[PDB]
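Here is the structure we will look at, set down as structure tokens.
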Amino acid sequence: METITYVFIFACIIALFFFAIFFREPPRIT
Amino acid sequence: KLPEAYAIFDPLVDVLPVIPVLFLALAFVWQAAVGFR
Amino acid sequence: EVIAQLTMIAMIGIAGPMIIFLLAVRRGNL
Amino acid sequence: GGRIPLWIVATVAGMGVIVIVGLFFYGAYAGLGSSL
Amino acid sequence: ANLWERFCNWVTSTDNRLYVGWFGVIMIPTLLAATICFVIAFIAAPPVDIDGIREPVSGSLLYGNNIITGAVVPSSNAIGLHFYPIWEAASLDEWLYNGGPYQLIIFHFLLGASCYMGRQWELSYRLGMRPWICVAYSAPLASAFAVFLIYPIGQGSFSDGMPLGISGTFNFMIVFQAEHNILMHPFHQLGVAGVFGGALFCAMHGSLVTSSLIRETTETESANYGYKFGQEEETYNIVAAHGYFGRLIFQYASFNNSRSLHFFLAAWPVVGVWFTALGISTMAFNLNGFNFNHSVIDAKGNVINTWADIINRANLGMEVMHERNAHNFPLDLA
Amino acid sequence: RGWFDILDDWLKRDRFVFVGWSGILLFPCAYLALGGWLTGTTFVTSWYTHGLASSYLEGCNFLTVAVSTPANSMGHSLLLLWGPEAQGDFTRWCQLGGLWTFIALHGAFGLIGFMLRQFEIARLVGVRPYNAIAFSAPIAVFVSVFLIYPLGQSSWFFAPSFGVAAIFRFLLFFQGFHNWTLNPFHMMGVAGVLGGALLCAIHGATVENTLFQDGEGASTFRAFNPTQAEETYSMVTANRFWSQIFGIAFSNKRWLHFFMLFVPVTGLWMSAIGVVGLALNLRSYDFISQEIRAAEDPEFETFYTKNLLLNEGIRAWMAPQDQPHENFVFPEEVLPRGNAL
Amino acid sequence: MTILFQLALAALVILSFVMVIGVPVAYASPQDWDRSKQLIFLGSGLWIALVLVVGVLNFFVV
Amino acid sequence: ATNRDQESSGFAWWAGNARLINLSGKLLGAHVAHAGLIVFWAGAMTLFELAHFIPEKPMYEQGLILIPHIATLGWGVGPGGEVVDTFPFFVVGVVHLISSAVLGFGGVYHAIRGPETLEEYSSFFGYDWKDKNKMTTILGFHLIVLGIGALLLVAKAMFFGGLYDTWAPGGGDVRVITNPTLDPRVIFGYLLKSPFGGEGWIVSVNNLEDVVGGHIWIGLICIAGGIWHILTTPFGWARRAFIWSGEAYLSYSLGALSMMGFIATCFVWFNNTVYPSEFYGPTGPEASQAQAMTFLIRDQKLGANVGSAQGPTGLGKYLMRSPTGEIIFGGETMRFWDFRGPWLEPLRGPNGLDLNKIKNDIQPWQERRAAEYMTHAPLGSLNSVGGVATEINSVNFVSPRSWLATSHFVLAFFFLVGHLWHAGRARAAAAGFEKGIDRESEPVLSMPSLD
Amino acid sequence: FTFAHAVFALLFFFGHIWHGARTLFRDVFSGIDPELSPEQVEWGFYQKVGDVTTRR
Ligand code: CLA
Ligand code: CLA
Ligand code: CLA
Ligand code: CLA
Ligand SMILES: C=Cc1c(C)c2cc3nc(c4c5[nH]c(cc6nc(cc1[nH]2)C(C)=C6CC)c(C)c5C(=O)[C@@H]4C(=O)OC)[C@@H](CCC(=O)OC/C=C(\C)CCC[C@H](C)CCC[C@H](C)CCCC(C)C)[C@@H]3C
Ligand SMILES: CC1=C(/C=C/C(C)=C/C=C/C(C)=C/C=C/C=C(C)/C=C/C=C(C)/C=C/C2=C(C)CCCC2(C)C)C(C)(C)CCC1
Ligand SMILES: CC1=C(/C=C/C(C)=C/C=C/C(C)=C/C=C/C=C(C)/C=C/C=C(C)/C=C/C2=C(C)CCCC2(C)C)C(C)(C)CCC1
Ligand SMILES: CC1=C(/C=C/C(C)=C/C=C/C(C)=C/C=C/C=C(C)/C=C/C=C(C)/C=C/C2=C(C)CCCC2(C)C)C(C)(C)CCC1
Ligand SMILES: CC1=C(/C=C/C(C)=C/C=C/C(C)=C/C=C/C=C(C)/C=C/C=C(C)/C=C/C2=C(C)CCCC2(C)C)C(C)(C)CCC1
Ligand code: OEY
Ligand SMILES: [Cl-]
Ligand SMILES: [Cl-]
Ligand SMILES: [Fe+2]
């Protein structure tokens, strides 16, 4: 169970990365 | 040892290798002279 | 012995600043 | 107020520290603290 | 145009969400191969005989590790500095036993991060920027080359390279202290100044700029909305930050030129970390930290211990226990 | 104008070195922390407290001089010069370690003074006091390491001695007895310091490499007027660079400098907390699961077990001389050692 | 001729020592490009001769 | 104000040597004067080493880095590297040092008196950085000069007394080379060797024939390239690939020098042919192999059968197999089994170390060398306490190999930084945005958003 | 008990600093005055730091 848990958290972070790059709030020039 | 003829120059010879560092220092004495224009 | 060493390097060392000094008096081309 | 040029005091003062420090490294090899 | 020109134009395009570039053509494959191997070895690779003494160290999560203890283990001392590609093994099983993943990961990683650095230059050229961010990155890059490549070379073995793990790194640091007295090495003292000072100046700059933010918001909204992206004008009063900080210390220990202040921020940590990467890189060749062991003695000749001698007793503790089964002869000469 | 008001006037005068009310605390305690350090690393021994030399006078160099902690037998005494131990005798005070408490406590009140000075100057100039707030992390470190940690231990003996190599010894003590590298509070502190160093370097380099051409010479420093309105570098080109190089980028200058404050300040605070634990020997020393397996399975080895073996060598090899007051006698045959070495 | 080689040798050294300070001051002083042309061109041949003379004397003492 | 201040030249004092970029005559003086400094140091240092040199101590016990370079060239040395005539050291010393003064003189003249710029005084010496024909011609001249230099080494080896040959029997001796290796299968086989363990790229060159023959090829290669470039102009492809500027050429050479310092570093660390251990002390690998040899010898004398002794791990305590089966020394030194040295190769057989030779044929000179080398391993502290980091003060030693390898790694690293700095700047300056971004035409502002 | 309270005491020091500053600097919590001149922060203009009444 502990291996699954460490792997799951690591895998959530990689998915965070993807959304934070590709689905960021686009910076725009007000 | 040096050749015994040049023994009286042993202490000159001990200090000679550091002379190139004094050139670097001399450049700063010089720019201080010209006020770092 | 070491006064020999220190007296040589005393003279060699001041040699540089003196050049700068002389060239200032003559309003040399510093 | 400025009779001695700054570039001179700099050189004098520098070679003064160089000496003091130079001496401290000498003492690292002589007398107390030299392992001898 | 022709096909090669379309490709060149896509490769170097400043309109791609992530810049690719010529350096990026080498970086992408090499970083991907390093990362995939690393993730899979960290989770599933079987024990590795790091020290070449048929005494395998388990590094992976499935063989009873956690995040803190796990590692990709350096390759066998029996291999030394020999190249150990997968295809030089008789089987994957032999490759896993002898630590091949480590070689594959660090070489692809060093290459990709070398090209990460060149990519930084390259994108800055396409954008019309000044080019020296990549110089800044050279400090961390140089550091990584030291623990993963230079130090193996000096010592004859990638088995003495820094492990890819949290506890493996600590192992590396302790052993390094016993064999090199890195704490007594000025280049590491310069590294610590680099990173303590880096953090100091980081906190200072952030605190000082934040102190002098221009009232542009109400007390119920984040002050951060006082800044609008791209905006022409500055959002803090540097004159005010100087006036505060010059009084904190004195007027000329404080910066009033923003460019000189930011160049100082860049240079202080970068230089310090260069020195500490040079520290590892020259201790790789056994020019070690200062040795003041039994340096003070009394008129008779008894040793009068100093803090250096106390450090040396710790060092000896690390020396005599590390790799406890790998020494047959009395001096640990590599 | 009352006399308090006239004294305010003079203390808050614009001079080369601002004084303030906070000065009355800051300058005297700071000078004496500094002074007693210089004095004590130049002239004072650790022979009676530690069995060590520790001054230039004895032949130590800049790296090995220390003002060393008082003997363990003093407990947590304040070691006042006029107190029961030294009884007003200056020489005996120096010899029993009084300069350590002198430095420790004058330094503490000087740090107070400095933070108040940060507050006092902020108020008069009219800026927000985020710098004083940032100074709270150095104070948490100093208090945790130098005061709280020994107060939980047997005596001031085990606080840090004020010296370059004395501090290195402290580092290694903490590895061998506390396994402090394994401690998550230290790990967060490492992240904040190395991360702050990172922010420091990357921010400085970005500004330097996105500058606008505001002059015509190759020395770019002279194209900045502290009173100009305009940003001196391009946030927009900075953002695009890092967006395409690293995938994300700052877009907000305020948040960026607030983050620079936050990261190293929060990291030192986290490390302070771990040291408060260690005051009590409440360490993250072991992983129980690894130990139960290792005890039962002689073929199970990890970097975690390899490091404890090193810890074990540090403790036994260094303790007799590092804690002389314990009169530890370890025969050769009990010393842990691997093969040959 | 032992003492005669030490003669030439400190000649070299007391000539180098002059030529070292003198040549750069001579050069960056505007006054005497010509008043000092002869000086340096002489000390030069003098320097060289001294080196050569010391070079042959070595093989009579060293 | 002939440049020489910041208002006119655009560079501040701390980058004042960039004021010289387009002052060919002052720039010529800076280089000659600086060459002066290099040849001065060769001269002062050698004499310094001579004054401090005791011929009865090994070179490596006395902090010497330049005299070992002279000894390797075959001067002043006899069998086993014994010093037999110090006079040549003196000569190298004085001649360089004398020579520094003429160099000295020439640089200070050009940097002060002479024309600041050369291009109107004589059309041959003056140059424009952007003249692609003039640059390749200077390159060609220097190429030829280098090629000659390489052939000077060949001349010393073949016609003028030979080179120290650590592999020459009887324990090493100077020796004239008569059959240099010309087969380019060998000479250029070294270039295609892996730089990894057991191959060593060109660092592995282990005999003086290959060394001399490589320098015939390189000399002739440089002389032929010199002519090439003197007669040619860069082709279309090369013009479109490079930046043609003073600073870019500088960055190309900083690149080159960096690469070379790193190679030097590994040369002095691993190679015991053109850095003989007689002179430089043992290599790190050598010292560690020597330790295992020393303790093999001691225990065999006591009665140990060293081929059948199982150590604690299950591997042989003295001898084990490398991963391709060779008999090698055991213990940690298993990483060093690639080591080859004259003291050790007599025990080597077709399958590696030969147990019959180990049981019968170890001579006292091998025992001595192995003990000497084990106790001059290149470990020491920065203040020159010899040994491991935990050693007590007493032995005042740091191996020349450590000094030469650490100094040149440091140097090669900073010269790679220099490359990146100046290459980057040269590209920016050529594109015209090295002073910053043009507010009125900011490039990113004319680009579409990423998202 | 001891661990938690010493830890909590330490953190609460930081809250004292945070809330103390916000009381004494409430006026500029949202930012510094956008119309503040160097006569007020630069050196010498005022004999007492901050006091506009101290010209020259
Ligand atoms: C200091 C030495 C030096 C320098 C700086 C130059 C510089 C130059 N040479 Mg010259 N050259 C030299 C020595 C030198 N040469 C010598 C000694 C020879 C004799 C063989 C030549 C022969 C020569 C020829 C025949 C040509 C040049 C050309 C050029 C120009 C283009 C070079 C180029 O593209 O770089 C190299 C850049 C490349 C992109 C080449 C890519 C090849 C790969 C990436 C490198 C690996 C190949 C390598 C040579 C072999 C591998 C060794 C490996 C095992 C380590 C440039 C001005 C060219 C020119 O325009 O002539 C007028 C040309 O055609 N040179
Ligand atoms: C190897 C080191 C080196 C060399 C060769 C040079 C050389 C040069 N520099 Mg650079 N420089 C250096 C280091 C060096 N510098 C460093 C470290 C700094 C930073 C402080 C600078 C900062 C700098 C600036 C700011 C400027 C130069 C300039 C120059 C050039 C003209 C200088 C001039 O007018 O002197 C004038 C000074 C004097 C006449 C005073 C005396 C100098 C002489 C040469 C002393 C020689 C002493 C020697 C012992 C002679 C006796 C030996 C004899 C027997 C042979 C010249 C080619 C200038 C330039 O580019 O001009 C356009 C310029 O403006 N440099
Ligand atoms: C690469 C270095 C170099 C270069 C390119 C130049 C180039 C120049 N110099 Mg400088 N100069 C140098 C070094 C250099 N000099 C040195 C070292 C000195 C001091 C000895 C001088 C002293 C000097 C003075 C005092 C004057 C010049 C002048 C000139 C110009 C004309 C020279 C001429 O026509 O000679 C023609 C060439 C010859 C007659 C060829 C024979 C010269 C020797 C014998 C060549 C031997 C090469 C050597 C053996 C190779 C090995 C060197 C070393 C590795 C051992 C020209 C711009 C003149 C000037 O500026 O105009 C007023 C001038 O008055 N130079
Ligand atoms: C005819 C053209 C020519 C030649 C042959 C040289 C030769 C040389 N120059 Mg170059 N130079 C030239 C034109 C030339 N220069 C021009 C036109 C400029 C621009 C004005 C420069 C600018 C320049 C600079 C800036 C510098 C040089 C330097 C050097 C020397 C390199 C030191 C070296 O590698 O020695 C190491 C030793 C070896 C590589 C081997 C041994 C040396 C051999 C025996 C010398 C033989 C040289 C001889 C003249 C060549 C034969 C004729 C040839 C045409 C076939 C070398 C003697 C450097 C120097 O030291 O000058 C003081 C330097 O800093 N040069
Ligand atoms: C080794 C680490 C280290 C040192 C030496 C250091 C030093 C300093 N930091 C300061 C400031 C700061 N530091 C900050 C964040 C940080 N500071 C950090 C790390 C350090 N900071 C880190 C890592 C951070 C990130 C959070 C901020 C935000 C500030 C400031 O605003 C302030 C400043 O102006 O920065 C430039 C200055 C405080 C001036 C003062 O109190 O004077 C008064 C002096 C007194 C009261 C004496 C202190 C007595 C000491 C505590 C004990 C005696 C010590 C001996 C004299 C010396 C012993 C030496 C041996 C131990 C080797 C001072 C230069
Ligand atoms: C070989 C020989 C010779 C020659 C020699 C020579 C060539 C010399 C040189 C010399 C030199 C070459 C010297 C120089 C010196 C210098 C100096 C001594 C400097 C110092 C510096 C300083 C001290 C600095 C300071 C400063 C300043 C100024 C500014 C800024 C700041 C500072 C602080 C940095 C003779 C003749 C004897 C003879 C015998 C042999
Ligand atoms: C304790 C006490 C006290 C007080 C004291 C004090 C206050 C003192 C002072 C003292 C001091 C106040 C001193 C000072 C000192 C100083 C020093 C000793 C310094 C030195 C330095 C140096 C040596 C430096 C140099 C350098 C370097 C190192 C590097 C870079 C460069 C230079 C050059 C800068 C009292 C009274 C209460 C009494 C009781 C107790
Ligand atoms: C340009 C310039 C510069 C630089 C300079 C230089 C780098 C120089 C060089 C110079 C040089 C490089 C010089 C040299 C000289 C040398 C000499 C002066 C020599 C002499 C020799 C002799 C006299 C010898 C003798 C002897 C013998 C034979 C035997 C043994 C003993 C004896 C050693 C005594 C500077 C940065 C400052 C500044 C600006 C400009
Ligand atoms: C002497 C000797 C020898 C030999 C030698 C030889 C024969 C060598 C060769 C050498 C070589 C043969 C080298 C080569 C090199 C190459 C290089 C180093 C290259 C580079 C290139 C580059 C750098 C490129 C770049 C680029 C690209 C790629 C793209 C576009 C852009 C650019 C152009 C930038 C031996 C070892 C046997 C032995 C001993 C001695
Ligand atoms: O430090 Mn100790 O030394 Ca460099 O090797 Mn010899 O022992 Mn082992 O393998 Mn990793 O570690
Ligand atoms: Cl270990
Ligand atoms: Cl071993
Ligand atoms: Fe900033």
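The way I read the labels, and the way they are meant: chains A, B, ... in the order of the structure tokens, residue 1 as the first residue of every chain, and ligand 1 as the first ligand shown, with later ones counted on from there.
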
Distance limit 12 Å, atoms considered: only C-alpha atoms. Which chain H residues sit that close to chain C? Return them as a tab-separated table (two decimals) with C-alpha atoms, in the first residue's frame.
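Listing of out.tsv after writing:
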```
chain	number	residue	atom	x	y	z
H	1	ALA	CA	41.39	60.42	-24.56
H	2	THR	CA	42.69	58.15	-27.36
H	4	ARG	CA	41.30	55.11	-23.00
H	5	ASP	CA	38.26	56.50	-21.09
H	112	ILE	CA	52.71	52.91	-25.49
H	113	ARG	CA	55.02	54.41	-28.14
```

request  = Considering only C-alpha atoms, return as a list in words whatever protein or nucleic-acid residues lie within 10 Å of residue 21 (chain I), sequence-local ones (same chain, fewer than 3 positions apart) excluded.
outcome  =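 That gives residues 119, 123, 128, 129, 130, 132 and 133 of chain F; 15, 16, 17, 18, 24, 25, 26 and 29 of chain I.
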
Produce a file of the selected residues containing C-alpha atoms, as a compact mmCIF listing (two decimals), in the first residue's frame.
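Saved as out39.txt:
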```
# COMPACT_ATOMS: atom_id res chain seq x y z
CA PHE F 119 10.82 48.76 12.51
CA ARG F 123 8.03 53.90 10.39
CA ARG F 128 5.97 48.75 4.98
CA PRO F 129 8.04 46.76 7.46
CA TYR F 130 8.43 43.58 5.40
CA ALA F 132 11.77 43.59 9.74
CA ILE F 133 9.37 40.72 9.22
CA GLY I 15 2.26 36.22 15.01
CA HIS I 16 3.22 38.85 17.57
CA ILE I 17 5.55 40.38 15.00
CA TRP I 18 3.00 40.08 12.25
CA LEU I 24 1.75 50.27 13.94
CA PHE I 25 1.86 50.40 10.11
CA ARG I 26 -1.86 50.14 9.38
CA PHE I 29 -0.54 48.13 4.83
```

message = Residues contacting ligand 6 - anything with an atom at most 8 Å away, using only C-alpha atoms and all ligand atoms - can you give me those as JSON, numbers by chain?
response = {"B": [12, 13, 16, 19, 20, 21, 22, 23, 24, 25, 26, 27, 28, 29, 30, 31, 32, 33], "C": [8, 12, 13, 14, 15, 16, 17], "D": [7, 8, 10, 11, 12, 13, 14, 15, 16, 18], "G": [12, 13, 14, 15, 16, 17, 18, 19, 20], "H": [40, 44, 97, 101]}

Might you pull out every residue within 10 Å of residue 54 (chain F), with only C-alpha atoms counted and same-chain residues fewer than 2 positions away left off, and present them as a CSV table (one decimal) with N, CA, C and O atoms, in the first residue's frame?
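Below is the file that was written, out26.csv:
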```csv
chain,number,residue,atom,x,y,z
E,304,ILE,N,48.0,19.5,22.0
E,304,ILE,CA,46.9,20.3,22.6
E,304,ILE,C,45.9,20.4,21.5
E,304,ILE,O,46.0,21.2,20.5
E,305,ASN,N,44.9,19.5,21.6
E,305,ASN,CA,43.8,19.5,20.6
E,305,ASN,C,43.1,20.8,20.4
E,305,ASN,O,43.0,21.6,21.3
E,306,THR,N,42.6,21.0,19.2
E,306,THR,CA,41.8,22.1,18.8
E,306,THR,C,40.5,21.6,18.3
E,306,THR,O,40.2,20.4,18.2
E,307,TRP,N,39.6,22.5,17.8
E,307,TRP,CA,38.4,22.0,17.2
E,307,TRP,C,38.6,21.2,16.0
E,307,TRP,O,37.9,20.2,15.6
F,40,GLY,N,37.9,37.0,22.6
F,40,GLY,CA,38.0,35.6,23.1
F,40,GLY,C,38.7,34.7,22.1
F,40,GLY,O,39.4,33.8,22.5
F,41,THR,N,38.4,34.8,20.8
F,41,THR,CA,39.2,34.1,19.8
F,41,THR,C,40.6,34.6,19.7
F,41,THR,O,41.5,33.8,19.2
F,42,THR,N,40.9,35.8,20.1
F,42,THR,CA,42.3,36.3,20.1
F,42,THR,C,43.0,35.8,21.3
F,42,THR,O,44.2,35.4,21.2
F,43,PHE,N,42.4,35.9,22.5
F,43,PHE,CA,43.2,35.7,23.8
F,43,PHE,C,42.8,34.6,24.7
F,43,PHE,O,43.5,34.2,25.6
F,44,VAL,N,41.6,34.0,24.5
F,44,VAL,CA,41.0,33.1,25.6
F,44,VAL,C,41.0,31.6,25.2
F,44,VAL,O,40.8,31.3,24.0
F,45,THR,N,41.3,30.8,26.1
F,45,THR,CA,41.4,29.3,26.0
F,45,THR,C,40.1,28.6,26.1
F,45,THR,O,39.1,29.2,26.6
F,46,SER,N,40.1,27.4,25.8
F,46,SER,CA,39.0,26.4,26.1
F,46,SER,C,39.6,25.3,26.9
F,46,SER,O,39.1,24.2,26.9
F,47,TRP,N,40.8,25.5,27.5
F,47,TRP,CA,41.5,24.4,28.2
F,47,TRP,C,40.6,23.8,29.3
F,47,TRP,O,40.4,22.6,29.5
F,50,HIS,N,36.9,22.4,27.9
F,50,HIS,CA,36.9,21.4,26.8
F,50,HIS,C,38.2,20.7,26.6
F,50,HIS,O,38.2,19.7,25.8
F,51,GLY,N,39.3,21.1,27.2
F,51,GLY,CA,40.6,20.5,26.8
F,51,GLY,C,41.1,20.9,25.5
F,51,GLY,O,41.8,20.1,24.8
F,52,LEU,N,40.8,22.1,25.0
F,52,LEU,CA,41.1,22.6,23.7
F,52,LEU,C,41.8,23.9,23.8
F,52,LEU,O,41.5,24.7,24.7
F,56,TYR,N,44.2,32.7,19.0
F,56,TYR,CA,45.5,33.0,18.3
F,56,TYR,C,46.7,32.9,19.2
F,56,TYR,O,47.7,32.3,18.9
F,57,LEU,N,46.5,33.4,20.4
F,57,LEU,CA,47.5,33.3,21.4
F,57,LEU,C,48.1,31.9,21.6
F,57,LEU,O,49.3,31.7,21.9
F,58,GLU,N,47.2,30.9,21.5
F,58,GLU,CA,47.7,29.6,21.7
F,58,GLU,C,48.2,28.9,20.5
F,58,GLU,O,48.7,27.8,20.5
F,59,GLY,N,48.1,29.6,19.3
F,59,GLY,CA,48.5,29.1,18.1
F,59,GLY,C,47.4,28.6,17.1
F,59,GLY,O,47.7,28.0,16.1
F,60,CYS,N,46.2,28.9,17.4
F,60,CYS,CA,45.1,28.6,16.5
F,60,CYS,C,45.0,29.7,15.4
F,60,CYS,O,45.4,30.8,15.6
F,61,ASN,N,44.5,29.3,14.3
F,61,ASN,CA,44.3,30.2,13.1
F,61,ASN,C,42.8,30.5,13.0
F,61,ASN,O,42.0,30.1,13.8
F,62,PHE,N,42.5,31.4,12.0
F,62,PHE,CA,41.1,31.9,11.9
F,62,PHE,C,40.1,30.8,11.8
F,62,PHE,O,39.0,31.0,12.3
F,63,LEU,N,40.4,29.6,11.3
F,63,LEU,CA,39.5,28.6,11.1
F,63,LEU,C,39.2,27.8,12.4
F,63,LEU,O,38.2,27.1,12.6
F,64,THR,N,40.2,27.7,13.3
F,64,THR,CA,40.1,26.8,14.5
F,64,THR,C,39.9,27.6,15.8
F,64,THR,O,39.7,27.0,16.8
F,65,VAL,N,40.0,28.9,15.7
F,65,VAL,CA,39.7,29.7,17.0
F,65,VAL,C,38.2,29.5,17.2
F,65,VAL,O,37.4,29.5,16.2
F,66,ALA,N,37.8,29.6,18.5
F,66,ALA,CA,36.4,29.6,18.9
F,66,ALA,C,36.4,30.3,20.3
F,66,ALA,O,37.3,30.3,21.0
F,67,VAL,N,35.2,30.9,20.6
F,67,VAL,CA,34.8,31.1,21.9
F,67,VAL,C,33.9,29.9,22.2
F,67,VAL,O,32.8,29.8,21.7
F,68,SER,N,34.4,29.1,23.1
F,68,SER,CA,33.9,27.7,23.3
F,68,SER,C,32.8,27.8,24.4
F,68,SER,O,32.9,28.6,25.3
F,163,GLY,N,32.8,29.6,16.4
F,163,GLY,CA,34.1,29.4,15.7
F,163,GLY,C,33.8,28.6,14.5
F,163,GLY,O,32.8,27.9,14.4
F,166,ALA,N,34.6,24.9,15.1
F,166,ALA,CA,33.6,24.6,16.2
F,166,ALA,C,32.2,24.4,15.5
F,166,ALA,O,31.5,23.4,15.9
```

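Restricting the calculation to only C-alpha atoms, the smallest distance between chain H and any of F:111, F:261, F:188, F:223 is found for F:223.
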
message = Just want the 12 Å neighbourhood of residue 225 (chain E), counted on only C-alpha atoms, with same-chain residues fewer than 6 positions away dropped. Output as a list in words.
response =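 Those residues are residues 30 of chain A; 213, 214, 215, 216, 217, 218, 219, 231 and 235 of chain E; 251, 252, 253, 254 and 255 of chain F; 30 and 31 of chain I.
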
With C-alpha atoms kept, could you save the residues just selected as a short mmCIF file (atom, residue, chain, number, x, y, z; two decimals), in the first residue's frame?
```cif
data_model
loop_
_atom_site.label_atom_id
_atom_site.label_comp_id
_atom_site.auth_asym_id
_atom_site.auth_seq_id
_atom_site.Cartn_x
_atom_site.Cartn_y
_atom_site.Cartn_z
CA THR A 30 -3.49 45.01 -19.73
CA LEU E 213 5.10 48.77 -3.15
CA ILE E 214 3.03 51.77 -4.26
CA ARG E 215 -0.42 52.04 -2.72
CA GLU E 216 -2.45 50.91 -5.71
CA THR E 217 -5.01 48.68 -3.97
CA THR E 218 -7.45 48.61 -1.05
CA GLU E 219 -6.88 46.69 2.16
CA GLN E 231 2.80 47.84 -17.47
CA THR E 235 5.27 49.43 -9.02
CA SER F 251 3.83 37.50 -14.81
CA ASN F 252 3.40 39.60 -11.63
CA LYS F 253 6.32 41.63 -10.27
CA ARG F 254 4.84 42.07 -6.83
CA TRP F 255 4.18 38.38 -6.32
CA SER I 30 -1.97 48.50 1.29
CA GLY I 31 1.15 50.27 0.05
#
```

All residues having an atom within 8 Å of ligand 4 (only C-alpha atoms and all ligand atoms) as a compact mmCIF listing (two decimals) with C-alpha atoms, in the first residue's frame:
```
# COMPACT_ATOMS: atom_id res chain seq x y z
CA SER H 24 45.72 46.77 -33.61
CA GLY H 25 49.00 48.25 -32.49
CA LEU H 27 46.54 45.26 -28.97
CA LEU H 28 49.77 43.80 -30.38
CA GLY H 29 51.68 45.22 -27.41
CA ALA H 30 49.28 43.70 -24.87
CA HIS H 31 49.81 40.23 -26.40
CA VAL H 32 53.61 40.50 -26.65
CA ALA H 33 53.89 41.91 -23.15
CA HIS H 34 51.65 39.10 -21.93
CA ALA H 35 53.80 36.56 -23.77
CA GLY H 36 56.64 38.25 -21.91
CA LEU H 103 59.35 40.19 -25.28
CA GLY H 106 58.61 44.72 -27.44
CA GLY H 107 55.18 44.71 -25.82
CA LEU H 118 48.91 49.43 -37.59
CA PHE H 124 50.78 43.65 -44.17
CA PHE H 125 50.67 43.79 -40.38
CA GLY H 126 47.51 45.85 -39.96
CA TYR H 127 44.30 43.85 -40.06
CA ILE H 138 47.30 34.95 -39.76
CA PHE H 141 51.14 31.55 -40.31
CA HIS H 142 50.48 30.47 -36.76
CA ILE H 144 52.92 26.64 -39.68
CA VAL H 145 54.69 27.91 -36.55
CA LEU H 146 52.85 25.29 -34.49
CA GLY H 147 53.71 22.61 -37.02
CA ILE H 148 57.38 23.44 -36.73
CA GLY H 149 57.09 23.27 -32.96
CA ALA H 150 55.69 19.75 -33.10
CA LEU H 152 61.04 20.25 -32.82
```

ask   = How would you write, as number ranges by chain, the set of residues no farther than 9 Å from ligand 1 when counting only C-alpha atoms and all ligand atoms?
value = H: 132, 135-136, 139-140, 142-144, 147, 188-193, 218-229, 231-239, 241-242, 249, 252-253, 256

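Counting only C-alpha atoms and all ligand atoms and comparing H:109, H:365, H:87, H:13, the residue that lies closest to ligand 8 is H:109.
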
For region 22-29 of chain A: contacts at 6 Å, only C-alpha atoms, fewer than 6 positions along chain excluded, given as number ranges by chain = E: 229-230; H: 451

task = Return the single residue from E:143, E:256, E:211, E:181 that is closest to chain H, with distances computed using only C-alpha atoms.
result = E:181

key: All alpha helix (DSSP H) residues (DSSP, backbone) inside chain D, as a PyMOL selection string   = chain D and resi 6-29
